[PDB]
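Here is the file input18.pdb (PDB, C-alpha atoms).
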MODEL        1
ATOM      1  CA  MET D   1       6.736 -63.158  91.285
ATOM      2  CA  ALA D   2       8.149 -66.647  90.728
ATOM      3  CA  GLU D   3      11.792 -67.273  89.840
ATOM      4  CA  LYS D   4      11.351 -66.039  86.266
ATOM      5  CA  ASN D   5       8.469 -67.831  84.509
ATOM      6  CA  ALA D   6       7.698 -70.764  86.791
ATOM      7  CA  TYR D   7       4.444 -69.378  88.174
ATOM      8  CA  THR D   8       0.969 -70.889  88.104
ATOM      9  CA  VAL D   9      -1.928 -70.009  85.797
ATOM     10  CA  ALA D  10      -3.724 -68.637  88.871
ATOM     11  CA  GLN D  11      -0.938 -66.077  89.204
ATOM     12  CA  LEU D  12      -0.810 -65.729  85.418
ATOM     13  CA  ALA D  13      -4.441 -64.601  85.673
ATOM     14  CA  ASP D  14      -3.220 -61.445  87.438
ATOM     15  CA  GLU D  15      -0.666 -60.865  84.686
ATOM     16  CA  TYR D  16      -3.145 -61.704  81.921
ATOM     17  CA  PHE D  17      -5.804 -59.339  83.261
ATOM     18  CA  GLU D  18      -3.305 -56.509  83.683
ATOM     19  CA  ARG D  19      -1.821 -57.076  80.222
ATOM     20  CA  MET D  20      -4.477 -58.390  77.830
ATOM     21  CA  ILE D  21      -7.388 -56.559  79.440
ATOM     22  CA  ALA D  22      -5.292 -53.386  79.377
ATOM     23  CA  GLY D  23      -5.179 -53.726  75.606
ATOM     24  CA  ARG D  24      -8.708 -54.283  74.340
ATOM     25  CA  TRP D  25     -11.490 -55.475  76.621
ATOM     26  CA  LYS D  26     -14.358 -52.928  76.334
ATOM     27  CA  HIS D  27     -16.443 -55.091  78.733
ATOM     28  CA  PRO D  28     -14.811 -55.191  82.181
ATOM     29  CA  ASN D  29     -17.598 -56.989  84.052
ATOM     30  CA  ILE D  30     -17.503 -59.839  81.539
ATOM     31  CA  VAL D  31     -13.742 -60.345  81.379
ATOM     32  CA  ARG D  32     -13.260 -59.953  85.139
ATOM     33  CA  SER D  33     -15.925 -62.469  86.177
ATOM     34  CA  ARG D  34     -14.608 -64.929  83.582
ATOM     35  CA  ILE D  35     -11.234 -64.984  85.337
ATOM     36  CA  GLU D  36     -12.391 -66.166  88.757
ATOM     37  CA  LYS D  37     -15.175 -68.408  87.467
ATOM     38  CA  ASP D  38     -13.920 -70.523  84.575
ATOM     39  CA  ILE D  39     -10.495 -69.155  83.524
ATOM     40  CA  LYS D  40      -9.185 -70.828  86.673
ATOM     41  CA  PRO D  41     -10.959 -74.222  86.290
ATOM     42  CA  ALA D  42      -9.061 -76.456  88.708
ATOM     43  CA  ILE D  43      -5.515 -76.528  87.404
ATOM     44  CA  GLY D  44      -5.151 -72.967  88.687
ATOM     45  CA  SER D  45      -2.666 -74.134  91.292
ATOM     46  CA  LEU D  46      -0.733 -75.682  88.402
ATOM     47  CA  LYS D  47       1.771 -74.129  85.987
ATOM     48  CA  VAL D  48       1.410 -73.253  82.326
ATOM     49  CA  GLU D  49       3.985 -75.871  81.350
ATOM     50  CA  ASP D  50       1.660 -78.570  82.653
ATOM     51  CA  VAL D  51      -1.490 -77.644  80.743
ATOM     52  CA  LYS D  52      -1.218 -79.863  77.680
ATOM     53  CA  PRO D  53      -3.986 -79.839  74.983
ATOM     54  CA  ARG D  54      -5.702 -82.845  76.601
ATOM     55  CA  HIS D  55      -6.347 -80.701  79.674
ATOM     56  CA  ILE D  56      -8.194 -78.238  77.457
ATOM     57  CA  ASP D  57     -10.256 -81.147  76.131
ATOM     58  CA  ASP D  58     -11.112 -82.027  79.719
ATOM     59  CA  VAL D  59     -11.914 -78.475  80.845
ATOM     60  CA  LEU D  60     -14.065 -77.826  77.751
ATOM     61  CA  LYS D  61     -16.116 -80.827  78.799
ATOM     62  CA  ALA D  62     -16.079 -79.641  82.413
ATOM     63  CA  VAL D  63     -17.220 -76.077  81.641
ATOM     64  CA  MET D  64     -20.127 -77.405  79.568
ATOM     65  CA  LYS D  65     -21.028 -79.670  82.471
ATOM     66  CA  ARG D  66     -20.637 -77.148  85.301
ATOM     67  CA  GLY D  67     -21.868 -74.248  83.204
ATOM     68  CA  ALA D  68     -22.901 -74.018  79.567
ATOM     69  CA  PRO D  69     -21.562 -74.586  76.010
ATOM     70  CA  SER D  70     -21.760 -70.834  75.427
ATOM     71  CA  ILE D  71     -19.148 -69.938  78.048
ATOM     72  CA  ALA D  72     -17.040 -72.915  76.936
ATOM     73  CA  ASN D  73     -16.300 -71.082  73.680
ATOM     74  CA  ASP D  74     -15.962 -67.825  75.598
ATOM     75  CA  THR D  75     -13.208 -69.173  77.867
ATOM     76  CA  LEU D  76     -11.409 -70.872  74.963
ATOM     77  CA  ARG D  77     -11.478 -67.525  73.160
ATOM     78  CA  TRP D  78      -9.524 -65.842  75.969
ATOM     79  CA  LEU D  79      -7.185 -68.827  76.372
ATOM     80  CA  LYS D  80      -5.805 -68.227  72.872
ATOM     81  CA  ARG D  81      -4.700 -64.714  73.801
ATOM     82  CA  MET D  82      -3.339 -66.150  77.054
ATOM     83  CA  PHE D  83      -1.189 -68.741  75.264
ATOM     84  CA  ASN D  84      -0.090 -66.057  72.802
ATOM     85  CA  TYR D  85       1.250 -63.961  75.675
ATOM     86  CA  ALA D  86       2.709 -67.067  77.301
ATOM     87  CA  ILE D  87       4.610 -67.926  74.112
ATOM     88  CA  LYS D  88       5.950 -64.388  73.607
ATOM     89  CA  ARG D  89       7.142 -64.658  77.214
ATOM     90  CA  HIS D  90       8.431 -68.110  76.238
ATOM     91  CA  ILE D  91       6.692 -69.846  79.128
ATOM     92  CA  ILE D  92       5.459 -72.470  76.693
ATOM     93  CA  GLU D  93       6.522 -73.370  73.161
ATOM     94  CA  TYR D  94       3.126 -74.379  71.771
ATOM     95  CA  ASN D  95      -0.548 -73.419  71.709
ATOM     96  CA  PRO D  96      -2.345 -76.202  73.692
ATOM     97  CA  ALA D  97      -5.622 -74.955  72.158
ATOM     98  CA  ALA D  98      -4.326 -75.777  68.658
ATOM     99  CA  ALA D  99      -5.456 -79.359  69.246
ATOM    100  CA  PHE D 100      -8.939 -77.977  68.662
ATOM    101  CA  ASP D 101     -10.586 -75.380  66.443
ATOM    102  CA  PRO D 102      -9.870 -71.951  68.011
ATOM    103  CA  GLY D 103     -11.608 -70.046  65.224
ATOM    104  CA  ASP D 104     -10.865 -66.336  65.101
ATOM    105  CA  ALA D 105     -13.164 -63.407  66.041
ATOM    106  CA  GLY D 106     -11.228 -60.868  68.081
ATOM    107  CA  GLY D 107      -7.985 -59.032  67.429
ATOM    108  CA  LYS D 108      -8.410 -55.349  66.547
ATOM    109  CA  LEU D 109      -5.733 -53.047  65.137
ATOM    110  CA  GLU D 110      -3.010 -50.604  66.133
ATOM    111  CA  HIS D 111      -2.595 -46.859  65.797
ATOM    112  CA  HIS D 112       1.175 -46.565  66.196
ATOM    113  CA  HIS D 113       2.253 -48.377  69.347
ATOM    114  CA  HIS D 114       0.288 -49.158  72.514
ATOM    115  CA  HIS D 115       2.074 -47.037  75.094
ATOM    116  CA  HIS D 116       1.154 -49.447  77.890
TER     117      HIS D 116
ENDMDL
END

In structure tokens, how does this file's structure come out?
Amino acid sequence: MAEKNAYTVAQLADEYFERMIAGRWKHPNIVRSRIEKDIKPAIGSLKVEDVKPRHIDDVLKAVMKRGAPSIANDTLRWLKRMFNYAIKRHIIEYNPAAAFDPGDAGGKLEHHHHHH
């Protein structure tokens, strides 16, 4: 899909779910519902190159408004992993979430090499 990496975050959601949720998710109902609800805020029909840090500042405010502060941190938590995969794919050069405090909490380890 797309020419090579010029797809939207809405399409990236399919990729992200199939890649990052195939690694370590443990809670499918949580991660899946996140995707359609808040992970695609409004700029879903927009690309990853367009989501500058200030957009994250806006969506963090939006998610607290349209939802709760709890999920705001939840979404941001997944976004980090998303940007990480985006950068290793070289869709973007930076971590738009780095304009804020992304904390840590969530990584896990290896065993040899994830086969898929």

Of the listed residues D:116, D:108, D:59, D:3, that which approaches residue 26 in chain D most closely, counting all atoms listed in the file: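 With all atoms listed in the file as the atom set, the closest residue is D:108.
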
Nearest-residue call for residue 8 in chain D, choices D:50, D:57, D:38, D:74, using all atoms listed in the file: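 So, comparing all the options, the nearest one is D:50.
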
Write out as a tab-separated table the residues of range 4-30 of chain D that have any atom within 9 Å of an atom of range 82-86 of chain D, one row each with the nearest atom pair and its distance in Å to one decimal, counting all atoms listed in the file, sorted by chain and then rising number.
residue	atom	partner	partner_atom	distance
D:12	CA	D:82	CA	8.7
D:13	CA	D:82	CA	8.8
D:16	CA	D:82	CA	6.6
D:19	CA	D:85	CA	8.8
D:20	CA	D:82	CA	7.9

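CA of residue 29 in chain D is positioned 27.9 Å from CA of residue 91 in chain D.
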
Pick from D:114, D:47, D:80, D:27, whichever lies nearest to residue 94 in chain D using all atoms listed in the file: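 For residue 94 in chain D, the nearest of the candidates is D:80.
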
Nearest to residue 107 in chain D by atom-to-atom distance, counting all atoms listed in the file, from D:81, D:69, D:43, D:49: D:81

Output of the PyMOL selection byres ((chain D and resi 97) around 8), listed as a VMD selection string: chain D and resid 53 56 76 79 to 80 95 to 96 98 to 102

Would you place a box with edges along x, y and z of the file around all atoms of range 34-41 of chain D listed there, add 4 Å to each of its six sides, and report the centre and edge lengths in Å to one decimal, as JSON?
{"center_x": -12.2, "center_y": -69.6, "center_z": 86.1, "size_x": 14.0, "size_y": 17.3, "size_z": 13.2}

Residue neighbourhood residue 14 in chain D, 12 Å, all atoms listed in the file, exclusion window fewer than 4 positions, as a PyMOL selection string: chain D and resi 1+7-10+18-22+32+35-36+39-40+44+82

Separation of CA of residue 89 in chain D from CA of residue 109 in chain D in Å: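 Computed distance, CA of residue 109 in chain D to CA of residue 89 in chain D, equals 21.1 Å.
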
Straight-line distance linking CA of residue 51 in chain D with CA of residue 88 in chain D, stated in Å to one decimal: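 According to the coordinates, CA of residue 51 in chain D and CA of residue 88 in chain D are separated by 16.8 Å.
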
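Comparing the minimum interatomic distances between residue 31 in chain D and each of D:71, D:64, D:52, D:6, counting only C-alpha atoms, we find that D:71 sits nearest.
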
Which of D:111, D:24, D:34, D:4 sits closest to residue 75 in chain D [using all atoms listed in the file]: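 With all atoms listed in the file as the atom set, the closest residue is D:34.
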
Complete range 3-20 of chain D with N, CA, C and O atoms (output as a PDB file, in the frame of the given file).
ATOM      1  N   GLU D   3      10.374 -67.413  90.145  1.00  0.00           N
ATOM      2  CA  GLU D   3      11.792 -67.273  89.840  1.00  0.00           C
ATOM      3  C   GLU D   3      11.988 -66.428  88.584  1.00  0.00           C
ATOM      4  O   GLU D   3      12.729 -65.446  88.598  1.00  0.00           O
ATOM      5  N   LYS D   4      11.318 -66.815  87.503  1.00  0.00           N
ATOM      6  CA  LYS D   4      11.351 -66.039  86.266  1.00  0.00           C
ATOM      7  C   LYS D   4      10.084 -66.260  85.438  1.00  0.00           C
ATOM      8  O   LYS D   4       9.487 -65.305  84.950  1.00  0.00           O
ATOM      9  N   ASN D   5       9.675 -67.515  85.280  1.00  0.00           N
ATOM     10  CA  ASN D   5       8.469 -67.831  84.509  1.00  0.00           C
ATOM     11  C   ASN D   5       7.797 -69.098  85.029  1.00  0.00           C
ATOM     12  O   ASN D   5       6.929 -69.672  84.375  1.00  0.00           O
ATOM     13  N   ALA D   6       8.172 -69.506  86.230  1.00  0.00           N
ATOM     14  CA  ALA D   6       7.698 -70.764  86.791  1.00  0.00           C
ATOM     15  C   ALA D   6       6.515 -70.547  87.729  1.00  0.00           C
ATOM     16  O   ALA D   6       6.411 -71.195  88.772  1.00  0.00           O
ATOM     17  N   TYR D   7       5.617 -69.649  87.356  1.00  0.00           N
ATOM     18  CA  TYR D   7       4.444 -69.378  88.174  1.00  0.00           C
ATOM     19  C   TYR D   7       3.230 -70.136  87.649  1.00  0.00           C
ATOM     20  O   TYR D   7       3.263 -70.711  86.557  1.00  0.00           O
ATOM     21  N   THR D   8       2.169 -70.142  88.435  1.00  0.00           N
ATOM     22  CA  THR D   8       0.969 -70.889  88.104  1.00  0.00           C
ATOM     23  C   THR D   8       0.016 -70.050  87.259  1.00  0.00           C
ATOM     24  O   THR D   8       0.153 -68.828  87.187  1.00  0.00           O
ATOM     25  N   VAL D   9      -0.957 -70.706  86.632  1.00  0.00           N
ATOM     26  CA  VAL D   9      -1.928 -70.009  85.797  1.00  0.00           C
ATOM     27  C   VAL D   9      -2.833 -69.116  86.655  1.00  0.00           C
ATOM     28  O   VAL D   9      -3.373 -68.119  86.177  1.00  0.00           O
ATOM     29  N   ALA D  10      -2.971 -69.463  87.934  1.00  0.00           N
ATOM     30  CA  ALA D  10      -3.724 -68.637  88.871  1.00  0.00           C
ATOM     31  C   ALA D  10      -3.039 -67.288  89.057  1.00  0.00           C
ATOM     32  O   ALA D  10      -3.699 -66.254  89.154  1.00  0.00           O
ATOM     33  N   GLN D  11      -1.712 -67.305  89.098  1.00  0.00           N
ATOM     34  CA  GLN D  11      -0.938 -66.077  89.204  1.00  0.00           C
ATOM     35  C   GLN D  11      -0.893 -65.400  87.838  1.00  0.00           C
ATOM     36  O   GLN D  11      -0.978 -64.178  87.735  1.00  0.00           O
ATOM     37  N   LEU D  12      -0.791 -66.216  86.792  1.00  0.00           N
ATOM     38  CA  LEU D  12      -0.810 -65.729  85.418  1.00  0.00           C
ATOM     39  C   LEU D  12      -2.086 -64.940  85.136  1.00  0.00           C
ATOM     40  O   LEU D  12      -2.085 -64.023  84.323  1.00  0.00           O
ATOM     41  N   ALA D  13      -3.170 -65.305  85.811  1.00  0.00           N
ATOM     42  CA  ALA D  13      -4.441 -64.601  85.673  1.00  0.00           C
ATOM     43  C   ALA D  13      -4.296 -63.121  86.022  1.00  0.00           C
ATOM     44  O   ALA D  13      -4.900 -62.262  85.379  1.00  0.00           O
ATOM     45  N   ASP D  14      -3.483 -62.826  87.035  1.00  0.00           N
ATOM     46  CA  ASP D  14      -3.220 -61.445  87.438  1.00  0.00           C
ATOM     47  C   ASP D  14      -2.476 -60.713  86.326  1.00  0.00           C
ATOM     48  O   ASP D  14      -2.839 -59.597  85.942  1.00  0.00           O
ATOM     49  N   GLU D  15      -1.453 -61.378  85.801  1.00  0.00           N
ATOM     50  CA  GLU D  15      -0.666 -60.865  84.686  1.00  0.00           C
ATOM     51  C   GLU D  15      -1.547 -60.663  83.452  1.00  0.00           C
ATOM     52  O   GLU D  15      -1.560 -59.590  82.850  1.00  0.00           O
ATOM     53  N   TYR D  16      -2.292 -61.705  83.102  1.00  0.00           N
ATOM     54  CA  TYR D  16      -3.145 -61.704  81.921  1.00  0.00           C
ATOM     55  C   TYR D  16      -4.154 -60.562  81.965  1.00  0.00           C
ATOM     56  O   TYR D  16      -4.333 -59.847  80.980  1.00  0.00           O
ATOM     57  N   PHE D  17      -4.805 -60.389  83.108  1.00  0.00           N
ATOM     58  CA  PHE D  17      -5.804 -59.339  83.261  1.00  0.00           C
ATOM     59  C   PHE D  17      -5.161 -57.963  83.105  1.00  0.00           C
ATOM     60  O   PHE D  17      -5.692 -57.090  82.425  1.00  0.00           O
ATOM     61  N   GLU D  18      -3.995 -57.790  83.706  1.00  0.00           N
ATOM     62  CA  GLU D  18      -3.305 -56.509  83.683  1.00  0.00           C
ATOM     63  C   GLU D  18      -2.700 -56.224  82.307  1.00  0.00           C
ATOM     64  O   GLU D  18      -2.451 -55.076  81.958  1.00  0.00           O
ATOM     65  N   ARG D  19      -2.456 -57.262  81.521  1.00  0.00           N
ATOM     66  CA  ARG D  19      -1.821 -57.076  80.222  1.00  0.00           C
ATOM     67  C   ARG D  19      -2.821 -57.122  79.070  1.00  0.00           C
ATOM     68  O   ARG D  19      -2.893 -56.189  78.272  1.00  0.00           O
ATOM     69  N   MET D  20      -3.610 -58.183  78.989  1.00  0.00           N
ATOM     70  CA  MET D  20      -4.477 -58.390  77.830  1.00  0.00           C
ATOM     71  C   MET D  20      -5.768 -57.588  77.958  1.00  0.00           C
ATOM     72  O   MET D  20      -6.351 -57.160  76.960  1.00  0.00           O
TER      73      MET D  20
END
